[PDB]
file start33.tsv (TSV, C-alpha atoms and all ligand atoms)
chain	number	residue	atom	x	y	z
A	1	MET	CA	101.28	-40.23	-166.11
A	2	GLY	CA	98.59	-39.95	-164.64
A	3	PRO	CA	95.31	-39.56	-162.73
A	4	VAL	CA	93.00	-41.38	-162.29
A	5	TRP	CA	89.24	-41.79	-161.93
A	6	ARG	CA	87.87	-44.41	-160.05
A	7	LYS	CA	84.74	-43.37	-162.00
A	8	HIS	CA	84.39	-39.71	-163.05
A	9	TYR	CA	81.41	-40.81	-165.16
A	10	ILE	CA	78.52	-42.57	-163.37
A	11	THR	CA	76.06	-43.87	-165.98
A	12	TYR	CA	72.98	-45.30	-164.19
A	13	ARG	CA	69.76	-47.08	-165.23
A	14	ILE	CA	66.37	-48.01	-163.75
A	15	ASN	CA	64.96	-51.47	-164.59
A	16	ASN	CA	61.29	-50.82	-163.74
A	17	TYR	CA	59.23	-47.88	-162.40
A	18	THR	CA	57.17	-48.28	-159.19
A	19	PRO	CA	53.38	-47.88	-159.92
A	20	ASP	CA	52.79	-46.30	-156.46
A	21	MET	CA	53.70	-42.92	-158.02
A	22	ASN	CA	53.77	-41.60	-161.60
A	23	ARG	CA	57.00	-42.37	-163.50
A	24	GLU	CA	58.17	-38.73	-163.69
A	25	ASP	CA	58.04	-38.55	-159.88
A	26	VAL	CA	59.90	-41.88	-159.64
A	27	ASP	CA	62.80	-40.81	-161.85
A	28	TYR	CA	62.56	-37.33	-160.23
A	29	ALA	CA	63.16	-38.64	-156.71
A	30	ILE	CA	66.08	-40.72	-157.91
A	31	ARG	CA	67.35	-37.97	-160.26
A	32	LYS	CA	67.45	-35.48	-157.38
A	33	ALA	CA	68.89	-38.14	-155.00
A	34	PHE	CA	71.71	-38.62	-157.50
A	35	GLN	CA	72.06	-34.86	-158.07
A	36	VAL	CA	72.62	-34.33	-154.31
A	37	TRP	CA	75.84	-36.25	-154.29
A	38	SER	CA	76.76	-35.00	-157.77
A	39	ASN	CA	76.89	-31.47	-156.25
A	40	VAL	CA	79.25	-32.27	-153.35
A	41	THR	CA	81.28	-35.05	-154.98
A	42	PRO	CA	83.05	-34.58	-158.35
A	43	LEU	CA	81.22	-37.76	-159.54
A	44	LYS	CA	79.40	-36.80	-162.74
A	45	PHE	CA	76.27	-38.92	-162.88
A	46	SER	CA	74.00	-39.50	-165.93
A	47	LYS	CA	70.74	-41.53	-166.02
A	48	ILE	CA	70.31	-43.40	-169.30
A	49	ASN	CA	67.07	-45.27	-169.82
A	50	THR	CA	68.64	-46.55	-173.10
A	51	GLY	CA	72.12	-48.11	-173.38
A	52	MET	CA	74.73	-49.47	-170.96
A	53	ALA	CA	75.14	-48.21	-167.37
A	54	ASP	CA	77.80	-48.80	-164.67
A	55	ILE	CA	75.19	-49.36	-161.96
A	56	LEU	CA	71.56	-50.53	-161.97
A	57	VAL	CA	68.58	-49.65	-159.72
A	58	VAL	CA	66.71	-52.89	-158.86
A	59	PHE	CA	63.02	-52.83	-157.81
A	60	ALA	CA	61.82	-56.30	-156.68
A	61	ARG	CA	59.33	-57.50	-154.04
A	62	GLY	CA	59.88	-60.30	-151.51
A	63	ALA	CA	62.54	-62.85	-152.52
A	64	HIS	CA	64.62	-61.50	-155.46
A	65	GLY	CA	67.82	-63.58	-155.03
A	66	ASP	CA	69.08	-62.31	-151.67
A	67	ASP	CA	68.61	-64.19	-148.36
A	68	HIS	CA	67.13	-61.26	-146.49
A	69	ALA	CA	65.93	-59.37	-149.61
A	70	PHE	CA	62.71	-57.83	-148.41
A	71	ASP	CA	59.99	-57.80	-145.76
A	72	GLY	CA	57.13	-55.60	-147.02
A	73	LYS	CA	56.38	-52.51	-144.92
A	74	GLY	CA	59.38	-51.71	-142.67
A	75	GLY	CA	62.45	-53.81	-141.84
A	76	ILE	CA	64.89	-53.09	-144.67
A	77	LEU	CA	64.05	-49.87	-146.52
A	78	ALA	CA	66.71	-50.67	-149.18
A	79	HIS	CA	70.04	-52.38	-149.93
A	80	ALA	CA	72.88	-51.19	-152.20
A	81	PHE	CA	76.70	-51.36	-152.24
A	82	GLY	CA	79.52	-49.64	-154.17
A	83	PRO	CA	82.97	-51.35	-153.90
A	84	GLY	CA	82.07	-54.99	-154.56
A	85	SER	CA	81.88	-57.42	-157.49
A	86	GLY	CA	78.76	-58.23	-159.56
A	87	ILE	CA	75.90	-56.69	-157.60
A	88	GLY	CA	78.33	-54.03	-156.24
A	89	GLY	CA	77.37	-50.64	-157.69
A	90	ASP	CA	73.69	-51.64	-157.89
A	91	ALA	CA	70.92	-50.36	-155.57
A	92	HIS	CA	67.87	-52.42	-154.57
A	93	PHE	CA	64.71	-50.59	-153.38
A	94	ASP	CA	61.81	-52.02	-151.40
A	95	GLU	CA	59.20	-51.89	-154.28
A	96	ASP	CA	56.90	-53.97	-152.03
A	97	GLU	CA	56.67	-50.79	-149.85
A	98	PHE	CA	54.51	-47.76	-150.65
A	99	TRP	CA	57.05	-44.99	-151.16
A	100	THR	CA	55.94	-41.36	-151.27
A	101	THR	CA	57.34	-38.09	-152.64
A	102	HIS	CA	55.71	-36.30	-149.69
A	103	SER	CA	56.60	-37.28	-146.08
A	104	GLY	CA	53.86	-39.93	-146.11
A	105	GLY	CA	55.43	-43.30	-145.22
A	106	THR	CA	59.00	-43.57	-146.52
A	107	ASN	CA	60.35	-40.93	-148.87
A	108	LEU	CA	61.81	-42.40	-152.10
A	109	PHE	CA	64.30	-39.51	-152.50
A	110	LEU	CA	65.46	-39.84	-148.86
A	111	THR	CA	66.30	-43.55	-148.89
A	112	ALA	CA	67.61	-43.06	-152.43
A	113	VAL	CA	70.26	-40.51	-151.24
A	114	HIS	CA	71.46	-43.11	-148.65
A	115	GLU	CA	71.54	-46.06	-151.11
A	116	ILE	CA	73.06	-43.94	-153.91
A	117	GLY	CA	75.75	-42.89	-151.44
A	118	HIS	CA	76.37	-46.65	-150.95
A	119	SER	CA	76.57	-46.90	-154.75
A	120	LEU	CA	79.34	-44.26	-154.75
A	121	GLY	CA	81.03	-46.36	-152.07
A	122	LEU	CA	80.15	-45.19	-148.56
A	123	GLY	CA	80.71	-47.09	-145.33
A	124	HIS	CA	77.73	-46.00	-143.18
A	125	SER	CA	78.16	-42.84	-141.04
A	126	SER	CA	77.35	-42.63	-137.30
A	127	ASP	CA	75.71	-39.18	-137.10
A	128	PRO	CA	71.92	-38.50	-137.20
A	129	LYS	CA	72.12	-35.31	-139.34
A	130	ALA	CA	74.19	-37.29	-141.87
A	131	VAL	CA	72.14	-39.20	-144.43
A	132	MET	CA	74.78	-41.94	-144.95
A	133	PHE	CA	73.86	-43.58	-141.59
A	134	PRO	CA	72.21	-47.07	-141.46
A	135	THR	CA	69.28	-45.35	-139.68
A	136	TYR	CA	66.41	-43.26	-141.13
A	137	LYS	CA	65.38	-39.75	-140.00
A	138	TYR	CA	62.83	-37.51	-141.77
A	139	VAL	CA	64.74	-34.70	-143.55
A	140	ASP	CA	63.35	-31.57	-145.27
A	141	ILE	CA	63.79	-31.74	-149.04
A	142	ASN	CA	63.31	-27.95	-148.65
A	143	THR	CA	66.51	-27.41	-146.64
A	144	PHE	CA	68.17	-30.16	-148.73
A	145	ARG	CA	71.88	-30.54	-147.94
A	146	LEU	CA	74.38	-33.01	-146.47
A	147	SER	CA	76.00	-32.90	-143.03
A	148	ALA	CA	79.59	-31.73	-142.43
A	149	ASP	CA	80.23	-35.23	-141.03
A	150	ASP	CA	78.69	-36.81	-144.12
A	151	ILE	CA	80.76	-34.51	-146.40
A	152	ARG	CA	83.95	-36.00	-144.90
A	153	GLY	CA	82.68	-39.53	-145.57
A	154	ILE	CA	81.83	-38.69	-149.20
A	155	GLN	CA	85.14	-36.89	-149.82
A	156	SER	CA	86.64	-40.22	-148.58
A	157	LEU	CA	85.41	-41.83	-151.88
A	158	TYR	CA	88.98	-41.36	-153.35
A	159	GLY	CA	90.66	-42.38	-150.77
B	201	LIG	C1	68.33	-42.88	-144.93
B	201	LIG	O1	67.32	-43.67	-145.51
B	201	LIG	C2	67.07	-44.90	-144.94
B	201	LIG	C3	65.81	-45.49	-144.81
B	201	LIG	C4	65.71	-46.73	-144.20
B	201	LIG	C5	66.82	-47.40	-143.71
B	201	LIG	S1	66.66	-49.00	-142.90
B	201	LIG	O2	67.12	-48.84	-141.50
B	201	LIG	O3	65.27	-49.47	-143.04
B	201	LIG	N1	67.78	-50.06	-143.79
B	201	LIG	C6	68.07	-49.80	-145.26
B	201	LIG	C7	69.38	-49.09	-145.44
B	201	LIG	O4	70.03	-48.77	-144.40
B	201	LIG	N2	69.95	-48.94	-146.64
B	201	LIG	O5	71.15	-48.51	-146.92
B	201	LIG	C8	68.85	-50.81	-143.07
B	201	LIG	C9	68.39	-52.19	-142.55
B	201	LIG	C10	69.62	-52.94	-142.06
B	201	LIG	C11	67.38	-52.05	-141.43
B	201	LIG	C12	68.07	-46.79	-143.85
B	201	LIG	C13	68.20	-45.56	-144.45
B	202	CA	CA	60.79	-53.16	-146.41
B	203	CA	CA	76.83	-53.71	-160.44
B	204	CA	CA	55.20	-50.41	-154.25
B	205	ZN	ZN	69.02	-57.59	-153.35
B	206	ZN	ZN	72.78	-48.62	-145.57
call {"tool": "encode", "arguments": {"input": "start33.tsv", "output": "structure tokens"}}
result
Amino acid sequence: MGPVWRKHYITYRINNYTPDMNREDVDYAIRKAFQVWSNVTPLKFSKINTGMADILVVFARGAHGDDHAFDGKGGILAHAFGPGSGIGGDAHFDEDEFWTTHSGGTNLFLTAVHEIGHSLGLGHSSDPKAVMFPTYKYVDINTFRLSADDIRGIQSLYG
């Protein structure tokens, strides 16, 4: 009749690669960040460095055409949205910061999971084990999973 994707296919693209780390690490963090949600949600993501994508990962520094935008080390870690026009879909990371794969300062992968969840279309959870929250909490990329709470939120992407 019939169903009915929303999306099904999430083609995504990076615009530039942060010099703080080597490119492979950069796409790796984001790749894995994507892959997280792609495991729990039926959303079938695909990074294409060449072609047309649904969403775009922005890396700017300071004022990039937002009011708040940026603030160097701290403040906003990153800003992304799903269900909105224009910018909606797209995910803006704090390039001005010094992101790390290891625990270091801020973990790229960690914030990425949060913002990429926004990209799917997630209204901020209220649980500290959940990653969707507006907050930040150091999580083991060893243990690597989502919270039961968070899992309800993400299943809410239908509906
Ligand atoms: C889970 O990873 C995160 C890292 C930093 C933040 S943040 O508190 O610095 N910040 C960015 C963010 O929440 N993006 O979705 C919100 C800002 C309002 C302080 C949030 C989440
Ligand atoms: Ca910042
Ligand atoms: Ca967009
Ligand atoms: Ca940087
Ligand atoms: Zn922005
Ligand atoms: Zn957020």
call {"tool": "residues_around", "arguments": {"input": "start33.tsv", "residues": "residue 125 (chain A)", "least_positions_apart": "4", "cutoff": "8 Å", "atoms": "all atoms listed in the file", "output": "ChimeraX atom specification"}}
result
/A:130-134,149-150,153
call {"tool": "residues_near_ligand", "arguments": {"input": "start33.tsv", "ligand": "ligand ZN 205 (chain B)", "cutoff": "6 Å", "atoms": "all atoms listed in the file", "output": "PDB file with C-alpha atoms, keeping the file's coordinate frame"}}
result
ATOM      1  CA  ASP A  66      69.080 -62.310-151.670  1.00  0.00           C
ATOM      2  CA  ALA A  69      65.930 -59.370-149.610  1.00  0.00           C
ATOM      3  CA  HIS A  92      67.870 -52.420-154.570  1.00  0.00           C
TER       4      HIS A  92
END
call {"tool": "atom_distance", "arguments": {"input": "start33.tsv", "atom1": "CA of residue 140 (chain A)", "atom2": "CA of residue 60 (chain A)"}}
result
27.3 Å
call {"tool": "residues_near_ligand", "arguments": {"input": "start33.tsv", "ligand": "ligand CA 202 (chain B)", "cutoff": "6 Å", "atoms": "all atoms listed in the file", "output": "PDB file with C-alpha atoms, in the coordinates of the input"}}
result
ATOM      1  CA  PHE A  70      62.710 -57.830-148.410  1.00  0.00           C
ATOM      2  CA  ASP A  71      59.990 -57.800-145.760  1.00  0.00           C
ATOM      3  CA  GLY A  72      57.130 -55.600-147.020  1.00  0.00           C
ATOM      4  CA  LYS A  73      56.380 -52.510-144.920  1.00  0.00           C
ATOM      5  CA  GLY A  74      59.380 -51.710-142.670  1.00  0.00           C
ATOM      6  CA  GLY A  75      62.450 -53.810-141.840  1.00  0.00           C
ATOM      7  CA  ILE A  76      64.890 -53.090-144.670  1.00  0.00           C
ATOM      8  CA  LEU A  77      64.050 -49.870-146.520  1.00  0.00           C
ATOM      9  CA  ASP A  94      61.810 -52.020-151.400  1.00  0.00           C
ATOM     10  CA  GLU A  97      56.670 -50.790-149.850  1.00  0.00           C
TER      11      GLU A  97
END
call {"tool": "atom_distance", "arguments": {"input": "start33.tsv", "atom1": "CA of residue 42 (chain A)", "atom2": "CA of residue 147 (chain A)"}}
result
16.9 Å
call {"tool": "residues_around", "arguments": {"input": "start33.tsv", "residues": "residue 102 (chain A)", "least_positions_apart": "2", "cutoff": "12 Å", "atoms": "only C-alpha atoms", "output": "PyMOL selection string"}}
result
chain A and resi 21+25+29+98-100+104-110+138-142
